[PDB]
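A short worksheet on the structure shown next.
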Amino acid sequence: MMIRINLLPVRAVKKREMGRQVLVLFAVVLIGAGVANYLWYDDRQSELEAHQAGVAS
Amino acid sequence: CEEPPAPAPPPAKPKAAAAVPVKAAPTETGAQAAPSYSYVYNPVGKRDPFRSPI
């Protein structure tokens, strides 16, 4: 008797794979944009400290 | 630190370099004076003396 299993090939395979890659790209872009939002936050806190020094003046 | 000029908004010296200009002090100090001057003087003279004695 022949026991066959067409489970995980291929438009299922490569569409789960494309599904993975698109999401990895999403993750990378969102981590980068995150880092940007950060570095911005730091320049802003520095500016705030300079300005509070001025207000003390 | 702050650079040649600083960054650009300008930053912050808005507030440092206005709540400075300067220390102020400020010398509530070292005046001088016009003073003031008095006025002079009441007569016409009278005779008894000295007409007879010269």
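Note: ideal-geometry Cβ built from the backbone for every residue, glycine included; neighbour counts use all protein chains shown. Every number here is computed from the coordinates shown, using simple stated rules; none is lab data.
Structure summary
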{"read-out": "Residues A:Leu48, A:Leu8 arranged by fewest to most Cβ contacts within 10 Å", "value": "A:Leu8, A:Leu48"}
{"read-out": "Where labels lie 7 Å past Cα in the beta-carbon direction, separation of A:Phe26 and A:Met1 in nm", "value": "4.3"}
{"read-out": "Coil-residue trypsin sites (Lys or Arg not before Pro) of the stretch B:1-47, DSSP, other Cβ within 10 Å capped at 10", "value": "B:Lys23, B:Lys46, B:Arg47"}
{"read-out": "Simple Cβ-charge dipole of chain B, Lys/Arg +1 and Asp/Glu -1, about Cα centre, in debye nearest 20", "value": "500"}
{"read-out": "Virtual spin-label span in nm between B:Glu2 and A:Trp40, 7 Å along Cα→Cβ", "value": "2.6"}
{"read-out": "Charge dipole of chain A about the Cα centre (unit charges at C-beta), most positive-ward option of A:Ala33, A:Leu23, A:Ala53", "value": "A:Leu23"}
{"read-out": "Dipole in debye (nearest 20) - the protein assembly as shown, about Cα centre, beta carbon charges: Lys, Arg +1; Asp, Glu -1", "value": "560"}
{"read-out": "Geometric extent, Cα atoms of the protein assembly as shown - Rg, Dmax (angstrom)", "value": "45.4, 175"}
{"read-out": "Per principal axis, descending, Cα span of chain A in whole Å", "value": "91, 15, 8"}
{"read-out": "Alpha-carbon gyration tensor eigenvalues x 5, square-rooted, for chain B, Å", "value": "75, 9, 8"}
{"read-out": "Peptide B:7-17, shielding by other chains (average Cβ, 10 Å cutoff)", "value": "5"}
{"read-out": "Exercise: per-residue mean of other protein chain Cβ atoms within 10 Å, A:43-53", "value": "4"}
{"read-out": "Trypsin sites (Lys or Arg not before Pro) lying in DSSP loop within chain A, provided at most 12 other Cβ fall within 10 Å", "value": "A:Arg4"}
{"read-out": "Fewest-first ranking of A:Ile31, A:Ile3, using other Cβ atoms within 10 Å as the exposure measure", "value": "A:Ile3, A:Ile31"}
